[PDB]
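Accompanying notes for the structure given below.
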Protein chains: 2
Amino acid sequence: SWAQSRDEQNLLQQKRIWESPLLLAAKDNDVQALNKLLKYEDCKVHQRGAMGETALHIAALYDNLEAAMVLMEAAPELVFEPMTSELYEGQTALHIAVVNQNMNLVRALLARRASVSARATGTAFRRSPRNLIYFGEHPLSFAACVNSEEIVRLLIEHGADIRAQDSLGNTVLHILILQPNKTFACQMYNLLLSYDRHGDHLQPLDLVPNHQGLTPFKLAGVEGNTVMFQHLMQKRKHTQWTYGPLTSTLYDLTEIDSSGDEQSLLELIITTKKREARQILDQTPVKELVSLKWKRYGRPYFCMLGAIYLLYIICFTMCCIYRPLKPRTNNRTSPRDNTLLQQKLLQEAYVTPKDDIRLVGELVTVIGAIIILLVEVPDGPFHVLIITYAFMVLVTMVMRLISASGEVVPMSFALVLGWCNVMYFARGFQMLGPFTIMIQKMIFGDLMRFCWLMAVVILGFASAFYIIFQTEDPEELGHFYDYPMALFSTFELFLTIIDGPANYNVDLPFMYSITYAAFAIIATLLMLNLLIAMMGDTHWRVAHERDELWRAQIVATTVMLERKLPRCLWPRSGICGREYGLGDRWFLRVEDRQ
Amino acid sequence: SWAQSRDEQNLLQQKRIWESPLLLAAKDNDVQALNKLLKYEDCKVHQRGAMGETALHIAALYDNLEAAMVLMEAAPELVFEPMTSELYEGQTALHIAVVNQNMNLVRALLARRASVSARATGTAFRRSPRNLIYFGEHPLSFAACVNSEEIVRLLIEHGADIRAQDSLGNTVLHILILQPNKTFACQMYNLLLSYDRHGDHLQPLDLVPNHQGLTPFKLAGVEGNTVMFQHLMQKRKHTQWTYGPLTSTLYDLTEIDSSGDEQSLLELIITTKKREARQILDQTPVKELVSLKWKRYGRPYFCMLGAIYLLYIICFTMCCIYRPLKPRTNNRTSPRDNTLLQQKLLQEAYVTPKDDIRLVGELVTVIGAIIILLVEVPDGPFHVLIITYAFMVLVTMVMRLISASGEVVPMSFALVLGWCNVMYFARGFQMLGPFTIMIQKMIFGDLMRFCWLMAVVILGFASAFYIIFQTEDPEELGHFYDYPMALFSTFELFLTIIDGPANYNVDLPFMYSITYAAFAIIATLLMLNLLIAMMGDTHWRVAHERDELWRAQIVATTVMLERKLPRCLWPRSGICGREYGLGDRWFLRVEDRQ
Ligand SMILES: CCCCCCCC/C=C/CCCCCCCC(=O)O[C@@H](COC(=O)CCCCCCCCCCCCCCC)COP(=O)([O-])OCC[N+](C)(C)C
Ligand SMILES: CCCCCCCC/C=C/CCCCCCCC(=O)O[C@@H](COC(=O)CCCCCCCCCCCCCCC)COP(=O)([O-])OCC[N+](C)(C)C
Ligand SMILES: CCCCCCCC/C=C\CCCCCCCC(=O)O[C@@H](COC(=O)CCCCCCCCCCCCCCC)COP(=O)([O-])OCC[N+](C)(C)C
Ligand SMILES: CCCCCCCC/C=C\CCCCCCCC(=O)O[C@@H](COC(=O)CCCCCCCCCCCCCCC)COP(=O)([O-])OCC[N+](C)(C)C
Ligand SMILES: CCCCCCCC/C=C\CCCCCCCC(=O)O[C@@H](COC(=O)CCCCCCCCCCCCCCC)COP(=O)([O-])OCC[N+](C)(C)C
Ligand SMILES: CCCCCCCC/C=C\CCCCCCCC(=O)O[C@@H](COC(=O)CCCCCCCCCCCCCCC)COP(=O)([O-])OCC[N+](C)(C)C
Ligand SMILES: CCCCCCCC/C=C\CCCCCCCC(=O)O[C@@H](COC(=O)CCCCCCCCCCCCCCC)COP(=O)([O-])OCC[N+](C)(C)C
Ligand SMILES: CCCCCCCC/C=C\CCCCCCCC(=O)O[C@@H](COC(=O)CCCCCCCCCCCCCCC)COP(=O)([O-])OCC[N+](C)(C)C
Ligand SMILES: CCCCCCCC/C=C\CCCCCCCC(=O)O[C@@H](COC(=O)CCCCCCCCCCCCCCC)COP(=O)([O-])OCC[N+](C)(C)C
Ligand SMILES: CCCCCCCC/C=C\CCCCCCCC(=O)O[C@@H](COC(=O)CCCCCCCCCCCCCCC)COP(=O)([O-])OCC[N+](C)(C)C
Ligand SMILES: CC(C)CCC[C@@H](C)[C@H]1CC[C@H]2[C@@H]3CC=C4C[C@@H](OC(=O)CCC(=O)O)CC[C@]4(C)[C@H]3CC[C@]12C
Ligand SMILES: CC(C)CCC[C@@H](C)[C@H]1CC[C@H]2[C@@H]3CC=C4C[C@@H](OC(=O)CCC(=O)O)CC[C@]4(C)[C@H]3CC[C@]12C
Ligand SMILES: CC(C)CCC[C@@H](C)[C@H]1CC[C@H]2[C@@H]3CC=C4C[C@@H](OC(=O)CCC(=O)O)CC[C@]4(C)[C@H]3CC[C@]12C
Ligand SMILES: [Ca+2]
């Protein structure tokens, strides 16, 4: 929709050029006709195009130097004209000569005092998936992103503010981080810091945030720019001594580690969707900072919560084992009625000393399910499972108070969710950590992507198996006696967890042997070993990147564990530079051998 | 703890430099202030730093030649001063100029007669995981390890004993083996043997042991230094003739093979924790020595003990098959009482001729279990299993004497441990050898690393399955009738070795179909095929390094088999050089084609 609208405008531009003799003589290098056209009376010099363009934009756009000069002595006021469309709003001819790097034509427009502070506020210039370039809004931003060091030196001299911000708030240093050629942005970043030699009317230029509060150093980490991260990090390290093949380097940790309640660089890499951003975790101030947080104050407090959680689930288990049950009051309805016990009423539930021991163990599992809904809910997948466990304990709390039949259904969800959250505390162990990443990527990327092909095969054969045995007696082969049991039996024959139905004392239907032989080939052989082969490649991919997926679990745990525990038992990392003559900062010393 | 203490001392050094005008003028190249400071009265020349350092240490540490010379004519007695801390104790300025390779400043301190036998006995110089360098203690050791051939020639002339030993006992040749740049240590090893041209007041320098009794040749094998092993081996080989493309080389085998009761090089590579040390087993005197020990005297005596052990386990088996049993004296307690035989008392056990044949077969399995506890216990995993077997035979010996019920529990351990020690004698066969390395690395590296995630899933669903069927009659579906049977049934449904519970003649509970369908997906599909895919990569890794893992089993067997058999049936390997005019040594001839 948006692309089809944009394509009809770029074809409409080439029509309006082709119709106008003025614009066609500018597109071509036709200085002959531009003489003869401009000597006519009134000439339609200020005629508009499809993009809002003028004649002097066209000569700048097609790199026609000789046609662009003749239009400037004819009409000198075309230099001050922006494009007036919606898709190129504000773009002047000084932007177009800067992008095309027409070095001779930039000096011409600066001699005609073209404004170097004109903002290209269109929609082909926004940072968006619709646009292939994001060059900013000012001519200094366009020249820096095309790697034109001569034009950047040229129009800073003519007075381009280097501290200018576009709509997103990005300065010229934020935009250089977002460019795809990362090597040339490192040479260009240094050239723009050789300037800013002014009065420094705020904090210096590499410390100015955009509208999301990111300085250029944090934006190089959030976006995943590892080349511009290491280049910007060398302003922060500080070599103490060099003793042969040894170097004691002292890193800064001011924007990397959490100062107060602001979001630090470790909190922003975890809370972003770029897979490239998790390459910053392997960098030389950040790799040593996570190991200090984890080995000292993270792994003690994570194996302490993990052992308080085991004693909570064993206490919840034994008060589901010893739940109150009484013999059945009624008589059996049908011969298919197997239930012979029944749960007690609330009055008769607690009338013995062993019921008072259970009442203590039941108050603990209620209090612990309220504390989960005060730590977690007023704020990944184990967020949802610890909340869902906490509801199921309070759903079966209500059913004990108002005496309601069917407490086994909230308890059975609470047993298998309460026990399978012990898998959360497996990221404290390096050899057990990414096992839960394999269980995640097999469920939400292999099973939830191939169950749609199994539910087709199960519904096809369970309906065939049901009507084959629909005339038969279920007291011999009762696998398919009604339709929900034929679906459950066919799901079990698929996974080969119950044996195939056979009697050998009666004559089975003729279509049974043919249908079950076709079933056991497409279901048990072929489509069950597709899934085992799909999950075998998911295992291989995760176990290959095994140690970098564990370190992203350690960062996310330490960030979680610090913002919820009180500050008095979480010391700040590093050495404080007050009483060593280094400032107010917090340094991390790294000694290395080369 | 130790690292946080070390970091606060290296920041305290940079503060005390920055405070003192004397030390700050030495850190910088400030010969101006050092003139004006030293001309003041008393100057605090002997002022101490945070590391125990003086002013002349600082100028040596920051490579300031012009500042270090002015401090020597001012105070000439600063040359004889060690650092006085705990982390740099004994280090002089002559060590610091040697490490930094300040060639002009070393000749200055030797002109000021700095002692070349001063020991850097700190804690930043010990061989330790805390330190990134191990350079020794003397200036000759520091210069040799930084590959400075000019300083080593310089201070041997000024009288550095080349035969000096640090606290670990290492000479200058032991320290060169421990260095990470192995190629430059080979050039440096030869230069220090061009010296030792003295009276040779003990055995020569490449034969001097440290405090663990290792010469440099054995230390290059224990540490895994294969480059310095082949370089030191060429002093031992001896070419006899060269007949075209043929070479009869004669190797020495004095330190490689076991002379007496001392530990040889093959006994030290097996008994070390370096994985690098097992690369020495593929070297040209050592690869041919293991094949001679195994093909001649190892494989006969290992297939002879392996056939005496089969006749021992068949004899132990048939006296467990024919154990004394009598009909049950009591009557059945409950309908769940299935036992209808009972073991005899000791009086009535041996009263027939077939009991006298068994008594012979039972005395053999008692004697053979005592001999195991006289060969093995007065001294890897099959150490423990042959000892555990030997206890279980003597536990069930006691229970036969004092008549005690329950001999089936010591026997059942003794049957499966006695038979699975036949897998020990599978390293005598090259195609069966590393199969037991795959069984080891799957148990103690895959199962004991993923059973913690299965015991979470089994405890979650066995508790759910138990309370679903807790109101139901167990005479139809009795898989989960009490809680230890619900755990054993859920472990069996996990591994898919019993069929899923179904009746089809009664109505099962509603939560059963939902819980078992969720169980059969996460347990039988997903987490059972994780483990099969994890063990599939353990197979692939071991079968790749298949032949070098078999040769480390052959070395460890031959070492074991030689120190336990008497010497009269184990001939020494090689040809003795007495009656061929070669010494007292034992040579191994290798003929090769190039
Ligand atoms: C770190 C990892 C730990 C490792 C494992 C360590 C522990 C693992 C194992 C642990 C125990 C093993 C159980 C054995 C069964 C006998 C017990 C018993 O006497 O039960 C009695 C009732 O008991 C109840 O009713 C239980 C209900 C409440 C339990 C908790 C109360 C205190 C909670 C406050 C603090 C909670 C924690 C605080 C939370 C932070 C009666 O039972 P019985 O009739 O005698 O049973 C025989 C049945 N049979 C005859 C058929 C055979
Ligand atoms: C290298 C690999 C070898 C390959 C395989 C070769 C061997 C493999 C096979 C071997 C034999 C197979 C057995 C067949 C059964 C008949 C035997 C018999 O007569 O038993 C009798 C009792 O016998 C006993 O009580 C046995 C107890 C002691 C056995 C050892 C005694 C001498 C040990 C000293 C030296 C030990 C060695 C020294 C140690 C260094 C009675 O038995 P039965 O009542 O007639 O049984 C019929 C039962 N049925 C009727 C229900 C069916
Ligand atoms: C699917 C679920 C699977 C996992 C289930 C987990 C659930 C239970 C969770 C955790 C249960 C308890 C921990 C288990 C292991 C014991 C200690 C240990 O070695 O762990 C860690 C050290 O931990 C330490 O720091 C030891 C020093 C004591 C500090 C406090 C420890 C708390 C122990 C109880 C005091 C509590 C006080 C309240 C009283 C109850 C070692 O971790 P690592 O170095 O990173 O290992 C990586 C290397 N590896 C993998 C190769 C080995
Ligand atoms: C009421 C009782 C239960 C209540 C709580 C339980 C509710 C569920 C718990 C947690 C769910 C909430 C977290 C979202 C999923 C996490 C994964 C994710 O981050 O993104 C995922 C999108 O996610 C989805 O696909 C949406 C989920 C659809 C089904 C949800 C309900 C079905 C229950 C499910 C029953 C499990 C079936 C087994 C047994 C029946 C994308 O996948 P990925 O992981 O990011 O990458 C893998 C892709 N790769 C392979 C290409 C690399
Ligand atoms: C991925 C998830 C899918 C899982 C698959 C299964 C999910 C199903 C989940 C639950 C279904 C069971 C609910 C329990 C209540 C019982 C009512 C009932 O259904 O059966 C009733 C019958 O009526 C029917 O036959 C209804 C089924 C019609 C065909 C199924 C199409 C729906 C699937 C389309 C989805 C397509 C999307 C998938 C492909 C893209 C009762 O059966 P009866 O007792 O035998 O009565 C017969 C009367 N007679 C005796 C006269 C003969
Ligand atoms: C097969 C697996 C693949 C499936 C593919 C689909 C192809 C489908 C092909 C054919 C299906 C067409 C069925 C024909 C109708 C017959 C009518 C009838 O009732 O039977 C009669 C006998 O009839 C016979 O016994 C015929 C014997 C051959 C049947 C087809 C064998 C398929 C060979 C495949 C070779 C390999 C090909 C594949 C290679 C990979 C009556 O017998 P009855 O004893 O009285 O039983 C009635 C009992 N009842 C009354 C209770 C109901
Ligand atoms: C899980 C356990 C599995 C294994 C079961 C082990 C338990 C039984 C163990 C061993 C039982 C007996 C040996 C079995 C094989 C026979 C000989 C042989 O070929 O082996 C070896 C030669 O062995 C020789 O040296 C033969 C020359 C006679 C010397 C003494 C042999 C002892 C035989 C009885 C006299 C004793 C007197 C006491 C009275 C009984 C060949 O070894 P290889 O060349 O290195 O193999 C590599 C090639 N391959 C793998 C491709 C083949
Ligand atoms: C009472 C009856 C039995 C009595 C004796 C039996 C006791 C046990 C016998 C021998 C044990 C003594 C040797 C230790 C294990 C050898 C492995 C080793 O050297 O290093 C291991 C550390 O070792 C461990 O992990 C410690 C073992 C913990 C559990 C021990 C008892 C459990 C029984 C066990 C029950 C087995 C369960 C199956 C069926 C039940 C490291 O593993 P690795 O091999 O060096 O390399 C593989 C890792 N890789 C893959 C990353 C490369
Ligand atoms: C990897 C190794 C772990 C293996 C997993 C399995 C290990 C288990 C091994 C052995 C257990 C069985 C021992 C035999 C003696 C019987 C006593 C008994 O347990 O049941 C008794 C009940 O009491 C209970 O319910 C206790 C169980 C509570 C929860 C389990 C916590 C232990 C696991 C925590 C460790 C977490 C570490 C793992 C995760 C990090 C008797 O049962 P009953 O007859 O039905 O009585 C009910 C009375 N009623 C009739 C009134 C209702
Ligand atoms: C399912 C597998 C995954 C599990 C995930 C967890 C999700 C859990 C979702 C739901 C669980 C919540 C249960 C609701 C409570 C009902 C109360 C009741 O007792 O039943 C009533 C009927 O009620 C019905 O039959 C409802 C119809 C089916 C609903 C659930 C189908 C799940 C569809 C999933 C589609 C694919 C989704 C997944 C795709 C991969 C009474 O019936 P009854 O005959 O009288 O029986 C009582 C007999 N008793 C008295 C002996 C006890
Ligand atoms: C009455 C008393 C004795 C009961 C004790 C209660 C504890 C067993 C509970 C109370 C608070 C719980 C914690 C509350 C919140 C969290 C955060 C939660 O983190 C996540 O969900 C992050 C997972 C992810 O995003 O991947 C993990 C469980 C944990 C530590 C809980 C572990 C179990 C705790 C310690
Ligand atoms: C009464 C008589 C006829 C019985 C004969 C007894 C033999 C069957 C026993 C006695 C001594 C036993 C040996 C004693 C000790 C050892 C060393 C033991 O070596 C290890 O445990 C090393 C394994 C490892 O470290 O990996 C292997 C079994 C073996 C050869 C035993 C094999 C079986 C032997 C020969
Ligand atoms: C009656 C029941 C309860 C007894 C339980 C039996 C297990 C405790 C035993 C039987 C089989 C044994 C295994 C048989 C073979 C091996 C391979 C073995 O591998 C090696 O040592 C190879 C080393 C090398 O050659 O370099 C290590 C012991 C292990 C895992 C054993 C460990 C203990 C096991 C599992
Ligand atoms: Ca079966």
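Numbering starts at 1 and runs along the chain as displayed.
Any Cβ shown, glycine's included, is placed from N, Cα and C.
Here Swiss-Prot flags B:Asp499 as Ca(2+) binding site. Under the heading N-linked glycosylation site, Swiss-Prot lists B:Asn331, citing sequence analysis as support. Swiss-Prot lists B:17-47 with the feature repeat 'ANK 1', giving sequence analysis as the kind of evidence. The repeat 'ANK 3' annotation in Swiss-Prot covers B:89-118 and rests on sequence analysis. Per Swiss-Prot, repeat 'ANK 4' is recorded for B:135-164, and the stated evidence type is sequence analysis. What Swiss-Prot lists as repeat 'ANK 6' is B:212-241, and the listing cites sequence analysis. The annotation topological domain 'Extracellular' is assigned in Swiss-Prot to B:401-406, B:470-482, B:503-513 on the grounds of a curator's inference. Swiss-Prot lists B:427-446 with the feature topological domain 'Cytoplasmic', giving a curator's inference as the kind of evidence.
DSSP assigns B:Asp499 (Ca(2+) binding site) to coil in the three-state reduction, placing it in neither a helix nor a strand. In three-state terms derived from DSSP, B:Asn331 (N-linked glycosylation site) belongs to neither a helical nor a strand segment and is classed as coil. The residues of the topological domain 'Cytoplasmic' (B:427-446), classed with DSSP into helix (H, G, I), strand (E, B) and coil, number 9 helix, 0 strand, 11 coil. Sequence-distant contacts of the repeat 'ANK 3' (B:89-118), counting only residues of its own chain at least 6 positions beyond either end whose CB sits under 8 Å from a CB of the stretch, comprise 52, 54, 56-57, 60-61, 63, 65, 68-69, 72, 76, 78-83, 125, 135, 137-140, 142-143, 146, 148, 150-151, 154-155, 158-161, 164. Within the chain, the topological domain 'Extracellular' (B:470-482) has long-range Cβ neighbours (under 8 A, six or more residues past its boundaries) at 462, 489, 501-503, 505-506, 508-509. Residues 299, 302-303, 306, 381, 531, 534-535, 538-539, 541-543, 546-547, 549-550, 553-554, 557 of the same chain sit 6 or more residues outside the topological domain 'Cytoplasmic' (B:427-446) yet have a Cβ under 8 Å from a Cβ within it. Under 8 Å from some Cβ of the topological domain 'Extracellular' (B:503-513) lie the Cβ atoms of residues 464-465, 468-469, 471-472, 476-477, all in the same chain and six or more residues away from its ends. Long-range neighbours of the topological domain 'Extracellular' (B:401-406) within the same chain, counting only residues 6 or more positions beyond its ends whose Cβ lies under 8 Å from a Cβ of the stretch, are 343, 345-346. According to DSSP, the secondary structure content of the repeat 'ANK 6' (B:212-241) in residues is 14 helix, 3 strand, 13 coil.
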